[PDB]
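The chain below stands alone and is given in structure tokens; this is the form deposited in one PDB entry.
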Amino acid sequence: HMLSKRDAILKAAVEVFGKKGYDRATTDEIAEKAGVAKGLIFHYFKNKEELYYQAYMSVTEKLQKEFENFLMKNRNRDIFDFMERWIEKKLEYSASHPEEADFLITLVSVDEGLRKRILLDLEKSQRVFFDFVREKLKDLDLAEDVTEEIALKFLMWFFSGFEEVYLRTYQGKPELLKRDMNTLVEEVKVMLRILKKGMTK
């Protein structure tokens, strides 16, 4: 068996959007990459915005599922330990799935009104990790200048800024990420230890 036509199209989309970005990618080129009549993208996806949106939901629901597995198991850990170990796993995923990684980072090139739609539709699923951190922070010996709110904000921006930075620095260059991996991992351990120390009593 081969992929269904819709999955052949999502795969080509993930590859061409990640290679060219949203504006430069053409649906003809995605159709030719998927080995389907040009017509078939209209049939399944309506327009180029919708193809992009469904491919982002499709890749991100794969991630969300990796995440719930990790959550379900590592729930009882110290949150900083939880984060370092989650970041390592994301690094490893990005290196083993470079096309997906390159595609995820394109969210920034798109018109504000497609990125906004995506962020609305992702909010519920991003909120699972977010709501988990918030709860764990109550088990935290914090410091009389550091609100739980600043602590939550600093940690989330750390966690999602880090991701953005490496996806961009290593875009198209998986072997270099694999070469820098355990240096990156080690830098991350120390940076979370700086936050923990600066944040707590």
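Between two forms, the rigid core is defined as the largest C-alpha subset superposing within 1.5 Å. Residue indices: 1-based, along the sequence shown.
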request  = Look over 78 to 86 and 119 to 127 in the entry and identify the one with the greater average Cα temperature factor.
outcome  = 119 to 127
ask   = Per the PDB record, is the mean Cα temperature factor higher over 175 to 183 or over 12 to 20?
value = 12 to 20
task = Identify, among 71, 108, 91, 101, the residue whose C-alpha carries the highest B-factor in the deposited PDB entry.
result = 108
message = What third of the chain does residue 168 rank in for C-alpha temperature factor, lowest, middle or highest?
response = middle
request  = Divide the modelled residues of the chain into thirds by Cα B-factor and specify which third, lowest, middle or highest, holds residue 144.
outcome  = highest
query = Can you tell me which third, lowest, middle or highest, the CA B-factor of residue 157 falls into for its chain?
reply = lowest
ask   = Looking at the C-alpha B-factor of residue 66, is it in the lowest, middle or highest third of its chain?
value = middle
ask   = residue 133: which third of its chain by C-alpha temperature factor?
value = lowest
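Not pictured, yet referred to below: the form deposited in another entry.
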message = Does residue 158 shift between this form and the one not shown by 2 angstroms or more at the C-alpha, the core having been superposed?
response = yes
query = Comparing between this form and the one not shown on the rigid core: C-alpha of residue 146 shifted by 2 Å or more?
reply = yes
query = Fitting the rigid core first, would the Cα of residue 57 be found 2 Å or more away between this form and the one not shown?
reply = no
